[PDB]
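Asks: Protein chains in written order, with the deposited numbering: chain A, 39 to 587; chain A', 39 to 587; chain A'', 39 to 587. A prime marks a further copy of an entry chain.
Beta carbons are placed, not taken as given, at the ideal position from N, Cα and C, and that holds for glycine.
Encoded as structure tokens, here's the structure I'll be asking about.
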Amino acid sequence: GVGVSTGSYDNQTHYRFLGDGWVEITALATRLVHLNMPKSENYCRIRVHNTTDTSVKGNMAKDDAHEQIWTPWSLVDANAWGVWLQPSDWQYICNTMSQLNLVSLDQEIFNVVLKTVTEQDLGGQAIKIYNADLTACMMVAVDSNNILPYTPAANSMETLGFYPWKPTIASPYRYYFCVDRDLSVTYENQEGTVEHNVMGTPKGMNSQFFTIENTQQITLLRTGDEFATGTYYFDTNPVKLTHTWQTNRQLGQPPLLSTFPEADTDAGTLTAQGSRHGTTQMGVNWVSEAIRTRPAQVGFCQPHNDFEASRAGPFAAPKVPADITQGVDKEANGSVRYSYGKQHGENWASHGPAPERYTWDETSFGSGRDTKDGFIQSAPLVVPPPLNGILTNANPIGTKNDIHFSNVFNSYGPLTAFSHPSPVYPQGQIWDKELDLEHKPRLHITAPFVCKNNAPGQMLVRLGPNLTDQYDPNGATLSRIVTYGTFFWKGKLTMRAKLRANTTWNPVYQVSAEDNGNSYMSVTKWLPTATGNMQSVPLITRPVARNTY
Amino acid sequence: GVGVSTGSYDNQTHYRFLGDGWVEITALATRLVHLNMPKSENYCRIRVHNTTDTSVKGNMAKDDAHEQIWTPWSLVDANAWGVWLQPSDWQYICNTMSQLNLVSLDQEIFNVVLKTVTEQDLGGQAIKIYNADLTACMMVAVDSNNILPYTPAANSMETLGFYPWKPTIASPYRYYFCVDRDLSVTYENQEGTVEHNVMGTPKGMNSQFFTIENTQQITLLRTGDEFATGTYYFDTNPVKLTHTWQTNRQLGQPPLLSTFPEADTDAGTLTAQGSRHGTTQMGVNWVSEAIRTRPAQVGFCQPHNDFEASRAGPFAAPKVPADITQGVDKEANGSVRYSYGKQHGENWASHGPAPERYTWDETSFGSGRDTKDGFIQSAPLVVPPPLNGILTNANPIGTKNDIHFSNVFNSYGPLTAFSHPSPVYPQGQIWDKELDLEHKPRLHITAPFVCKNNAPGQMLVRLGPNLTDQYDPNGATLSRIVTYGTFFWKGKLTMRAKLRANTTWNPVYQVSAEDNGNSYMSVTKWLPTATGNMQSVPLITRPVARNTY
Amino acid sequence: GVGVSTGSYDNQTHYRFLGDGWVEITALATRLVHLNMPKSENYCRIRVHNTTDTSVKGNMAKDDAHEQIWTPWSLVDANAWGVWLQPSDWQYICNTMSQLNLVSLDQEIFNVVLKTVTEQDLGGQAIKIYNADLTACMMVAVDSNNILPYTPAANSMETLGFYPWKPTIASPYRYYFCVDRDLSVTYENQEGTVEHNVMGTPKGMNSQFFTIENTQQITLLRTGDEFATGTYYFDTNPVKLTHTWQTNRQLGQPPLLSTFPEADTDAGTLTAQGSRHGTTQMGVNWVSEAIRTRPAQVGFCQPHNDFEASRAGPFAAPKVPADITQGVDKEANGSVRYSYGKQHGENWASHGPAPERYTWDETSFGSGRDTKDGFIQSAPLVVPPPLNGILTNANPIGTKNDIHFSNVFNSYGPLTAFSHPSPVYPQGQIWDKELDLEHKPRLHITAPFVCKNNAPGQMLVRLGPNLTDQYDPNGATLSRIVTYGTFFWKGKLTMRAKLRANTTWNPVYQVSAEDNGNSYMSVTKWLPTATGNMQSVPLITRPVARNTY
């Protein structure tokens with residue numbers, strides 16, 4: 039019966055060369071989970087409306103107004119790149135493979151353990167004794183139908199542990215609910231307090247209330263039991279593991295050289311700009327590397343911080359990340375910044391409520407934008423740019439000295455061509471469910487991989503309520519015995535990938551680990567300390583160069 | 039389910055005569071292991087740098103500078119001759135068999151027991167109560183791939199118990215790490231303090247960090263479970279169980295006797311040294327038992343205490359052990375000295391932190407060296423040794439009265455011929471993994487047997503972490519329930535061996551046990567005391583004589 | 039798994055009549071055993087040398103000088119007649135059967151229980167709580183090879199319980215060791231203290247040290263496990279269950295009667311002693327019922343208290359028991375006296391350290407000796423016994439008035455004929471291992487049955503050491519958890535036997551149970567008391583008469 043293990047531990051990564059350039063990469067990961075008896079006995083509809091910031095006229099973005107539904111269930115969502123592969127492995131993949139895609143994924147729950155804690159006074163004190171409870175049992179449920187709201191573990195940065203030899207706690211489950219929130223616009227110190235700023239009441243046309251009890255077949259398992267899910271397959275497309283340098287400037291045949299450098303110092307020349315073959319979309323009688331027509335448009339100008347408001351409230355309109363270029367425009371290009379914890383990658387030595395943060399910059403040098411160079415010219419395009427026949431990033435547009443065309447320009451056209459957001463090894467979101475809309479987006483910023491078919495299905499889990507000797511629902515007396523649980527998790531994320539070949543003469547950039555020093559690629563960064571503290575920093579994704587034409 | 043044994047105890051030794059002179063010796067050994075919950079929750083990179091000795095100018099050898107990686111895993115490495123066979127058995131083997139080699143080896147883990155301890159005040163005190171925890175489970179892993187650094191249990195003298203009726207604790211696991219240590223040379227009281235003496239920082243080209251969690255398939259087993267490994271086979275070569283007396287002096291045909299002893303007192307003579315057939319490598323016109331050419335070179339002069347330094351720091355250059363001869367040169371011949379504990383062979387009555395030690399002297403009388411007789415002569419070899427035409431072990435070489443040629447001479451040549459280091463019964467290292475080098479050494483001093491093929495694979499083991507009711511990784515709160523474990527071990531080291539025959543007229547030396555007295559081979563040495571204390575002293579290896587030509 | 043019995047209780051005796059006069063008697067016996075964790079963690083070589091008596095000049099026999107080896111193992115040796123059959127049964131066997139022999143014997147160990155005890159203060163006191171420990175396990179081993187010294191449980195009177203409804207404890211195991219003990223001879227108050235009286239040191243030619251760990255396959259069994267041994271067969275010969283009355287006086291044809299009794303008072307006469315046919319070994323011209331030659335010699339004079347000394351020390355030379363006759367010579371005929379305890383047969387009401395004792399007298403009336411009648415006569419045998427031509431038991435032989443020929447005469451000759459020692463029901467030794475000697479004795483006094491083939495094989499047993507949370511062999515810290523065990527024992531001693539027939543006219547003596555009175559065969563002797571106390575007294579063995587010619 040009970041008293042024997044029901045699984046095996048294995049957190050490695052095997053590489054099976056299928057030849058022909060393709061290799062099947064199977065990533066196995068096992069971790070120990072720690073679940074505590076949920077405080078919320080039943081489903082709660084807590085309404086959070088921060089006014090410590092929303093009330094202020096200056097603060098607008100700090101609007102955490104919303105009404106979620108806290109459920110008594112946790113969640114085992116290991117949708118993180120660092121919770122599958124190993125730090126060293128990712129280096130090999132990015133340096134060799136030129137593309138990768140998800141194939142299958144399985145899960146298992148063995149060695150389920152449930153114990154109770156009681157108080158025991160020792161010498162006047164009160165130490166806690168831990169006694170195992172065999173009769174105790176937990177509850178597991180894998181909603182493969184996705185009947186419940188999809189809640190990415192990476193979107194809240196609360197996935198599983200990235201450290202094999204270290205336990206992890208399952209993040210509670212909760213989904214948003216229908217609530218009409220409204221907030222007026224106020225700059226610095228506008229005349230009078232903020233106009234409107236109130237929460238909303240439950241509507242009957244958008245009232246979405248679900249229950250884990252009626253949305254999945256809960257499988258009860260004790261100490262001697264074990265659970266396992268089927269082999270789910272992904273239909274997502276492969277994501278390139280290389281960056282693009284070619285910009286709209288370099289594409290077709292370069293201008294014919296009329297002069298050849300005599301020394302390694304000077305350079306060559308071109309042909310008469312006025313008298314030179316080529317194609318320009320201007321009625322002028324001259325061409326250049328700035329007016330020559332191109333096959334398409336590499337990258338596009340995106341509205342800088344375009345806060346759009348809706349019935350749910352004001353929000354930051356997402357924007358496809360891209361190279362920062364020499365303009366050093368991070369927030370302008372959409373460079374996403376993260377904030378993870380200790381159980382997610384931060385050094386265990388940095389004691390404090392302040393989590394580590396980093397700004398990820400894309401490697402798509404081709405679609406890079408530069409606000410310090412963007413401009414427009416009058417219809418009658420003339421060489422000499424008139425003082426009024428041009429709009430540079432310095433002309434106050436809209437009675438504002440800080441609001442120019444760049445902050446409100448969408449160059450997205452039928453010629454827009456860009457790459458995918460390079461997925462980060464640590465705290466990186468792998469797959470994601472597609473939106474239930476007639477016309478879903480061409481891609482997702484949260485995760486490179488988007489399940490075209492159905493979604494994997496979040497895995498829910500809750501501890502079985504251990505009632506006491508006395509109980510009475512009508513008396514609001516929910517006497518529960520202090521009980522917790524610790525079950526193991528075993529998953530295998532099989533995925534194939536293809537590797538590129540050396541088609542160049544000059545060695546391509548790689549990801550190496552320099553000696554212990556100021557160098558970012560320091561070994562100590564991923565090496566234990568005298569005490570045992572460790573940290574997981576982001577890795578250079580898409581190191582190899584890729585020609586875009 | 040749980041509540042029943044899962045193995046059998048057997049610590050005997052059977053002899054199966056396969057005839058033809060060969061006999062298959064199967065050695066079974068079972069012991070009780072005691073494992074405690076490791077203090078280090080995670081992998082630590084502790085840096086130990088003793089300065090209480092390194093700082094001093096005189097102390098140089100006492101350099102314990104290094105940086106290891108303490109892992110939360112123990113190790114069940116029973117690589118000891120005394121932890122397999124019985125004291126009496128070894129006597130029979132060495133006295134009969136003339137050679138022995140390793141064949142197979144298996145292991146098993148039954149009757150796994152895990153209990154927790156809690157405090158319970160008794161009459162104002164605080165006695166500890168022990169309650170068995172069924173839900174509790176341990177973890178076992180046999181890295182047969184040797185992906186992790188090989189850590190011999192005999193190299194640290196922390197193997198299993200040599201006493202069947204007495205439990206034993208598994209020695210923790212830990213491997214060295216890359217660290218550049220440097221130490222200057224200082225004699226007695228040199229001018230000024232020691233020049234350089236600092237530790238090093240982690241390098242990126244030699245950063246070797248491994249994890250038991252990602253280097254082997256951990257098998258979880260509870261109280262009712264049991265583990266067993268496959269039948270590993272050894273490819274090592276057989277080691278002779280005999281000593282060599284013949285020296286470079288006696289080999290071919292002895293000088294013709296011209297005179298025959300008339301009485302048992304006087305002796306015979308030879309032929310005219312000037313007029314006598316023979317072969318000498320000298321241009322002289324005479325021969326002798328000192329200049330006659332020999333088939334090869336028996337033994338060789340080895341650098342006495344040649345401390346060589348490297349990026350890791352100064353160390354004592356190993357040297358193949360050999361006979362001490364009449365020169366009584368122990369440290370000069372490489373006579374290894376040991377230091378074991380009570381659970382390893384020391385008398386349990388000798389209470390104190392001082393462990394027993396003994397200097398092992400080889401039995402290879404043929405390759406014995408004598409510093410009190412070694413010398414060299416000028417090229418023009420002449421009978422009368424000039425005062426300047428000879429270099430005895432008394433000529434100050436290098437402005438030093440204690441540093442002669444012997445202390446820095448390597449006579450290792452294409453004619454060097456020697457035997458193997460006689461393995462000791464107690465605390466003796468059996469097998470050992472070969473170095474991952476293009477040109478590995480002809481042999482190992484640590485263990486006579488060297489796995490030509492892959493290594494056996496150290497057996498790791500750790501207790502399952504029993505979490506408490508409350509837990510939070512981010513709060514540095516690793517509340518663990520006091521828990522320990524006691525599992526049994528069963529192993530069978532099958533090995534064949536051949537026995538020699540009486541080919542002489544005069545009885546060969548044997549290993550007997552003289553009556554209780556000053557005699558080293560005293561019976562009381564291996565006999566229990568009034569209290570029950572016992573000790574295991576080394577045994578005479580290679581008692582039988584062996585002709586080397 | 040655990041929580042269910044593994045055997046059955048049965049302590050009866052079935053009689054299967056195989057006809058033809060032979061009957062197969064199967065004796066089943068089951069008892070509850072109580073084992074405690076041995077105090078001696080390891081093998082001890084305790085040396086016991088009592089001087090409180092040996093020092094005295096008068097005391098010589100009280101020499102308990104010896105050096106045994108106390109092992110941490112107990113022993114389940116049920117070699118007792120009272121631990122197999124029932125009190126009433128033996129009566130039927132001895133009264134009916136005329137001979138019996140051992141055939142087979144099996145054993146079993148079911149319902150193994152191991153519990154631990156902890157201290158728990160109650161109202162200021164400290165009562166002991168008993169909690170069962172499932173993970174706990176014991177160790178069993180049946181050395182059927184007899185590699186270890188044979189230790190009869192009856193030789194120390196420490197067998198199992200003779201009471202079915204009452205538990206029993208297994209007697210610890212221990213064997214003698216080589217030690218040269220020497221003691222001088224001193225009478226009453228000899229001139230000066232005793233000469234020599236010292237113990238000895240371990241010798242190398244007789245050092246016999248064995249270990250249960252390396253002499254048998256220990257079978258580990260927990261609470262849900264059970265052990266059983268094969269069906270061992272005995273090769274011993276059957277022992278007659280009858281006594282002999284015929285003495286050397288009555289054998290062949292009685293003297294011819296010349297006179298016939300006229301009345302039931304007077305008797306008849308013989309023929310002229312001088313003129314009567316017959317055969318005498320005397321040169322005289324007359325015969326009588328004292329000089330007539332006989333087919334052989336019935337019984338023989340044995341040295342009375344012949345204390346022979348050896349390297350081990352002085353000891354009492356054994357002597358074959360026999361009838362005491364009218365001489366009332368008990369110690370002279372070898373009448374063995376016993377000393378048993380309460381768990382062996384003594385009344386539980388007789389509180390005190392003084393055990394019950396009884397002197398067993400043989401039933402072999404034929405081989406009975408009488409020191410008050412033994413004598414010798416000069417070679418020239420003459421009717422008138424000269425004062426110097428005869429040696430009666432009153433002539434001081436050896437300057438001693440108490441040392442006559444009888445005390446030092448061995449009449450054992452090629453004509454010596456005697457019976458076997460009648461085995462006692464209570465505390466009687468059944469079988470015994472033969473001595474490993476070229477010429478073993480014709481019989482054993484300890485047990486009537488002597489295994490001609492190999493021995494049954496003592497059954498050893500020890501409780502599994504339950505280590506604590508903390509442990510360290512080198513620190514002499516052997517912290518063990520207080521634990522004990524209680525396992526059941528089931529054995530069946532199958533043995534066939536033949537029954538005699540009524541071939542006489544006069545009713546033969548039988549064994550009856552007279553009413554409650556001074557009569558030895560009282561029923562109350564084997565009947566419970568008001569409190570429940572009981573006692574087991576010896577039974578009349580060989581009640582039926584047997585003609586020896």
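1. If you draw a straight line from the C-alpha of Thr257 (chain A'') to the C-alpha of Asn149 (chain A''), how long is it?
2. Go through the stretch 94-138 of chain A residue by residue and report every complete run of the beta strand (DSSP E) that reaches 3 residues or more, in order.
3. Mapping DSSP to helix, strand and coil, what is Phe265 (chain A)?
4. Chain A'' partners of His442 (chain A'), CB-CB under 8 Å?
5. At a CB distance below 8 Å, what residues from the stretch 155-174 of chain A' approach chain A''? Give them in sequence order.
6. So, with DSSP's three-state summary, where would you put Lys490 (chain A'')?
7. Can you list, in chain order, the stretches of the alpha helix (DSSP H) that have 4 or more residues and sit fully within the stretch 337-399 of chain A?
8. Rounded to the nearest angstrom, what separates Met98 (chain A') and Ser377 (chain A') at their Cα positions?
9. Quick one, are the C-beta atoms of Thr92 (chain A') and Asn235 (chain A') less than 8 Å apart?
10. Residues in the same chain with beta-carbon distance under 8 Å from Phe345 (chain A), minus the five sequence neighbours each way, listed in chain order, please.
11. What is the DSSP secondary structure of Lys563 (chain A''), reduced to helix, strand or coil?
12. Is it right to say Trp543 (chain A) is buried, meaning 16 or more other beta carbons lie within 10 angstroms of its own, or is it exposed?
13. Excluding five sequence neighbours on each side, which residues of the same chain lie with their C-beta closer than 7 Å to the C-beta of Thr397 (chain A')?
14. Among the candidates A'':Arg407, A'':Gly306 and A'':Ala266, whose CA atom is the shortest distance from the CA of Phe338 (chain A'')?
15. Could you round the C-beta distance between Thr51 (chain A') and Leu123 (chain A') to whole angstroms and report it? I think they count as a contact, below 8 Å.
16. Looking at the secondary structure, which residues open and close the beta strand (DSSP E) in which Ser326 (chain A) lies?
17. Using the DSSP secondary-structure output, state which residues sit across from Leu73 (chain A') in a beta bridge.
18. Which one of A:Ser313, A:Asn371 and A:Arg584 has the shortest CA to CA distance from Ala360 (chain A)?
19. Within its chain, find whatever has a CB closer than 6 Å to the CB of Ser222 (chain A); leave out the 5 residues flanking it on each side and keep chain order.
20. Excluding the 5 residues preceding and the 5 following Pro393 (chain A') in the sequence, name in chain order all residues of the same chain whose CB lies nearer than 7 Å to its CB.
21. Cβ closer than 8 Å: which chain A'' residues qualify as neighbours of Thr569 (chain A')?
22. Can you pull the chain A'' neighbours of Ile207 (chain A'), defined as C-beta to C-beta under 8 Å?
23. Please name the residue, chosen from A'':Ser550, A'':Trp324 and A'':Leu160, that lies closest to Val420 (chain A'') on a Cα-to-Cα basis.
24. Could you say if the stretch 543-554 of chain A'' and the stretch 157-175 of chain A'' meet the contact criterion of at least three C-beta pairs nearer than 8 Å?
25. Short of 8 Å in beta carbon distance, which residues of its chain neighbour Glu327 (chain A''), apart from the five on each side in sequence? Order them along the chain.
26. Take the Cβ of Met572 (chain A) as the centre, count every other Cβ of all protein chains shown within 10 Å, and call the residue buried at 16 or more, exposed below.
27. Strictly below 8 Å CB to CB, what residues from chain A border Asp220 (chain A')?
28. Would you say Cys82 (chain A') and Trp111 (chain A') are within 8 Å of each other, going by their C-beta atoms?
29. Buried or exposed: which applies to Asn585 (chain A''), given that a residue is buried once 16 or more other Cβ atoms fall within 10 Å of its Cβ?
30. With 16 as the cutoff for other CB atoms within 10 Å, does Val358 (chain A) come out buried or exposed?
Replies: From the atom records:
1. Roughly 15 Å separates the two Cα atoms.
2. Secondary structure within the stretch 94-138 of chain A: the beta strand (DSSP E) runs of 3 or more consecutive residues, fully enclosed, are 104-108 and 135-138 (chain order).
3. Strand at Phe265 (chain A).
4. Here the premise fails: no neighbours, minimum Cβ distance about 42 Å.
5. Cβ contacts with chain A'' come from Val155, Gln158, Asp159, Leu160, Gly161, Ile165, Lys166, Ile167, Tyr168, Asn169, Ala170 and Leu172.
6. Three-state DSSP puts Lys490 (chain A'') in coil, outside helix and strand.
7. Within the stretch 337-399 of chain A, the complete alpha helix (DSSP H) runs of at least 4 residues are 368-371.
8. Cα-Cα distance, rounded: 21 Å.
9. In this structure, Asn235 (chain A') lies closer than 8 Å to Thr92 (chain A') by Cβ.
10. So the list reads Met98, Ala99, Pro352, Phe353, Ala354 and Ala355, once near-sequence residues are dropped.
11. Correct three-state label for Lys563 (chain A''): helix.
12. Exposed is the call here.
13. Cβ within range, chain order: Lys368, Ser373 and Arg375.
14. The shortest Cα separation from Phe338 (chain A'') among A'':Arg407, A'':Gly306 and A'':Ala266 belongs to A'':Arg407.
15. Separation of the CB atoms of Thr51 (chain A') and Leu123 (chain A') is rounded to 6 Å, and the pair is thereby assigned contact status at 8 Å.
16. For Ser326 (chain A), there is no enclosing beta strand (DSSP E), as DSSP marks it with neither H nor E.
17. A':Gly523, per the DSSP bridge assignment.
18. Measuring from the Cα of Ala360 (chain A), the nearest candidate turns out to be A:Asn371.
19. Once the five neighbours on either side are set aside, the close Cβ partners of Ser222 (chain A) are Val232, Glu233 and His234.
20. Within its own chain, the residues whose Cβ lies closer than 7 Å to the Cβ of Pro393 (chain A'), once the five positions on either side in sequence are excluded, are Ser377, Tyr378, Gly379 and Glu384, listed in chain order.
21. Neighbours of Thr569 (chain A') in chain A'', taken as residues at a C-beta separation under 8 Å, are given in chain order as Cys82.
22. In chain order: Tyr509, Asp510 and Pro511.
23. Selected option, being the one with the closest Cα: A'':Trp324.
24. Using a C-beta cut-off of 8 Å, the stretch 543-554 of chain A'' makes no contact with the stretch 157-175 of chain A'', since fewer than three inter-stretch Cβ pairs fall below that distance.
25. If the five residues before and after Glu327 (chain A'') are omitted, its C-beta is found closer than 8 Å to the C-beta atoms of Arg287 and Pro293, all from its own chain and listed in chain order.
26. Counting the other Cβ atoms within 10 Å of the Cβ of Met572 (chain A) gives 16 or more, which makes it buried.
27. Residues of chain A passing the Cβ test: none, with the nearest at roughly 16 Å.
28. Against a cut-off of 8 Å, the Cβ pair of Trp111 (chain A') and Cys82 (chain A') comes out as no contact.
29. Exposed: under 16 other Cβ atoms inside 10 Å.
30. Buried is the call here.
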